[PDB]
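>>> my complex, first installment, coordinates as in the assembly:
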Amino acid sequence: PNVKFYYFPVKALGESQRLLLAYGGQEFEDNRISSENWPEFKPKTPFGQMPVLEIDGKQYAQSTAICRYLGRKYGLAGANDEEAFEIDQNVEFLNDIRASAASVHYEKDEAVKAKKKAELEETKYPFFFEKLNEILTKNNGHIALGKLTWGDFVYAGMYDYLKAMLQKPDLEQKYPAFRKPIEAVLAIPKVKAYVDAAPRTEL
């Protein structure tokens, strides 16, 4: 099909979709829209946001919704409602981690950002990290179901971005399990090829 994916020239919350497209054997136009050009695209998107995946002219917006859909299409969303649910559930938990880091990262006032970071370091981060370590361990290096799912692509795509907002480059040094969903995804020849083939960014 003619597939066009529009996002910023970073990984952040759109790279999971690219990864899933590479996985499915879908060729697509990787339209990386810079911040400078974004204003001309914005009004042509469903929500005034990216990512937007367009397939034969139909637009799909919202990163998690697009990932679950590609996952469903590519056999990566479990084999019944209860398995699909587990993936949704664990990905919704990852979302809590991202939202928590993002409350700190997008704080423009340095002194307030510092107090928020200290608060989270004592009150949410330790618990998030232990819980994520439990989940990856229980699931043998995966986000859900003990095996490859679209939730691994969600995690793999946004992992560096999470680390950058956490200001925690060494995160997987305390928690080596944290690298594993990325290894699972990069194990797939089609995906590894796309990655070698794709631009690099620090988030």
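Right, received. Where do you want to start? Residues are numbered from 1 along each chain as shown, chains lettered A, B, ... in the order given.

>>> and the helices in chain A?
Taking DSSP state H as the test, the helices found in chain A are A:15-23, A:38-41, A:63-73, A:81-105, A:110-123, A:125-138, A:150-166, A:171-174, A:180-186, A:189-197.

>>> spatially nearest residue to residue A:199 (excluding sequence neighbours)?
Nearest residue to residue A:199, sequence neighbours excluded (Cβ to Cβ, 6 or more residues apart in numbering): residue A:9, at 7.1 Å. The way it works is simple: take the backbone N, C-alpha and C, and place the C-beta from them, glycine included.

>>> any chance of the helices of chain A in JSON lines, with distance to residue A:55 too?
Putting those into JSON lines (distance: least, Cβ to Cβ, whole Å) gives the following:
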{"stretch": "helix A:15-23", "distance to residue A:55": "10"}
{"stretch": "helix A:38-41", "distance to residue A:55": "17"}
{"stretch": "helix A:63-73", "distance to residue A:55": "10"}
{"stretch": "helix A:81-105", "distance to residue A:55": "21"}
{"stretch": "helix A:110-123", "distance to residue A:55": "39"}
{"stretch": "helix A:125-138", "distance to residue A:55": "32"}
{"stretch": "helix A:150-166", "distance to residue A:55": "17"}
{"stretch": "helix A:171-174", "distance to residue A:55": "34"}
{"stretch": "helix A:180-186", "distance to residue A:55": "22"}
{"stretch": "helix A:189-197", "distance to residue A:55": "18"}
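
>>> export those helices to JSON lines and tack on distance to residue A:54 and mean neighbour count?
Formatted as JSON lines, these follow (distance: least, Cβ to Cβ, whole Å; neighbours: other Cβ atoms under 10 Å):
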{"stretch": "helix A:15-23", "distance to residue A:54": "12", "mean neighbour count": "25"}
{"stretch": "helix A:38-41", "distance to residue A:54": "11", "mean neighbour count": "11"}
{"stretch": "helix A:63-73", "distance to residue A:54": "11", "mean neighbour count": "19"}
{"stretch": "helix A:81-105", "distance to residue A:54": "23", "mean neighbour count": "16"}
{"stretch": "helix A:110-123", "distance to residue A:54": "36", "mean neighbour count": "12"}
{"stretch": "helix A:125-138", "distance to residue A:54": "33", "mean neighbour count": "15"}
{"stretch": "helix A:150-166", "distance to residue A:54": "19", "mean neighbour count": "24"}
{"stretch": "helix A:171-174", "distance to residue A:54": "34", "mean neighbour count": "13"}
{"stretch": "helix A:180-186", "distance to residue A:54": "24", "mean neighbour count": "19"}
{"stretch": "helix A:189-197", "distance to residue A:54": "19", "mean neighbour count": "13"}
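
>>> now the residue nearest to residue A:199. Its backbone dihedrals?
Dihedral angles of residue A:9 (phi, psi; degrees, to the nearest 10) stand at phi -80, psi 50.

>>> follow-up on the earlier one: so which of the helices of chain A is nearest residue A:5?
Among the helices of chain A, the nearest to residue A:5 by Cβ to Cβ is helix A:15-23 (5.9 Å).

>>> append chain B to the structure above:
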Amino acid sequence: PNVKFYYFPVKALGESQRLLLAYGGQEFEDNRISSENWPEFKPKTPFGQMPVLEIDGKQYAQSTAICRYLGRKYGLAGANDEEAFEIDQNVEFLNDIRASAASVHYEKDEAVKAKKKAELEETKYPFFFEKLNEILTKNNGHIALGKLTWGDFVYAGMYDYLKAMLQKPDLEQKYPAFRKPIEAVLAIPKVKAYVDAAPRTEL
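Same chains as before, plus chain B:
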């Protein structure tokens, strides 16, 4: 089945599940756990969070994931992947609105909360509200697909909470469309009965 739902004694992000249970004709123990008792339940939940829906002893956590599952079970998630996707997508957009209001509401420092509120009033809120008004209008008073979906229950459950965090009690005075998904959900005899039957809270 034996169904037990655990959440705080408010509507906030758990009431959509109660509404969906009432919809499906599911009797359940509405376990409203107060803030004072929550610490004894916390370690018995999958993520150290509520809501948790328990069915024949299996635990389901994470509010949006639980709603999509109940929706799927009750025929409210569209009739194919593309329709299900639309519901996911629009609900993910509502989530952006809630996350934006919540960045203001949970700010403990009054002066910082004021500056954030002013910023959002000029830079995100007007756009969110127009976009939500477009969606409800396009969908004839519903969140998705032009008809009743689990996304209407998501919205109905959390609407007062959203308004309280927006500090905008009159919100649907500018935007009368905003009341409509609540009317659609309360139109259902089984649901209206539960509501008349249920406790009231301001969020």
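
>>> list, one by one, the residues from chain A near chain B.
A:46-49, A:58, A:60-66, A:68-69, A:72-73, A:81-82, A:85, A:88-89, A:91-93, A:96, A:99, A:103, A:109, A:112, A:127, A:131 (Cβ under 8 Å from any Cβ of the partner chain).

>>> same thing but at 6 Å, please
By Cβ under 6 Å from any Cβ of the partner chain, the part of chain A that sits against chain B consists of A:47, A:61-62, A:64-65, A:69, A:72, A:81, A:85, A:88-89, A:92-93, A:112.

>>> possible to save the residues you listed as CSV with distance to residue A:184?
Below are the residues of chain A next to chain B laid out as CSV (distance: Cβ to Cβ, whole Å):
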residue, distance to residue A:184
A:47, 31
A:61, 27
A:62, 24
A:64, 19
A:65, 23
A:69, 21
A:72, 19
A:81, 24
A:85, 21
A:88, 19
A:89, 19
A:92, 20
A:93, 18
A:112, 38
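
>>> could you work out the most separated pair of those?
A:81 and A:112 (43.2 Å).

>>> from the chain's centroid, how far away is stretch A:148-159?
Averaged C-alpha coordinates place stretch A:148-159 at 6 Å from its chain's average position (Cα atoms, centre = their mean, to the nearest Å).

>>> equivalent analysis for stretch A:46-64, please.
16 Å.

>>> before we move on, what about stretch A:34-51?
Worked out by Cα atoms, centre = their mean, stretch A:34-51 lies 19 Å from the chain centre.

>>> so what touches it?
A:6-7, A:9, A:14, A:17, A:33, A:52, A:59, A:61, A:63, B:93 (Cβ atoms under 6 Å, 6 or more residues apart in numbering or on different chains).

>>> which of the residues you listed are buried?
Taking 16 or more other Cβ atoms under 10 Å in any protein chain shown as the criterion, what is buried in the contacts of stretch A:34-51 is A:6-7, A:14, A:17, A:33, A:52, A:61, A:63, B:93.

>>> reformat these as JSON lines; add distance to residue B:155.
Formatted as JSON lines, those follow (distance: Cβ to Cβ, whole Å):
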{"residue": "A:6", "distance to residue B:155": "27"}
{"residue": "A:7", "distance to residue B:155": "27"}
{"residue": "A:14", "distance to residue B:155": "26"}
{"residue": "A:17", "distance to residue B:155": "26"}
{"residue": "A:33", "distance to residue B:155": "30"}
{"residue": "A:52", "distance to residue B:155": "23"}
{"residue": "A:61", "distance to residue B:155": "18"}
{"residue": "A:63", "distance to residue B:155": "20"}
{"residue": "B:93", "distance to residue B:155": "11"}
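
>>> and the furthest pair within these?
Farthest pair in the buried ones among the contacts of stretch A:34-51, by Cβ to Cβ: A:33 and B:93, 19.5 Å.

>>> give me the number of residues near residue A:29?
Residues within reach of residue A:29, counting by other Cβ atoms under 10 Å in any protein chain shown, total 11.
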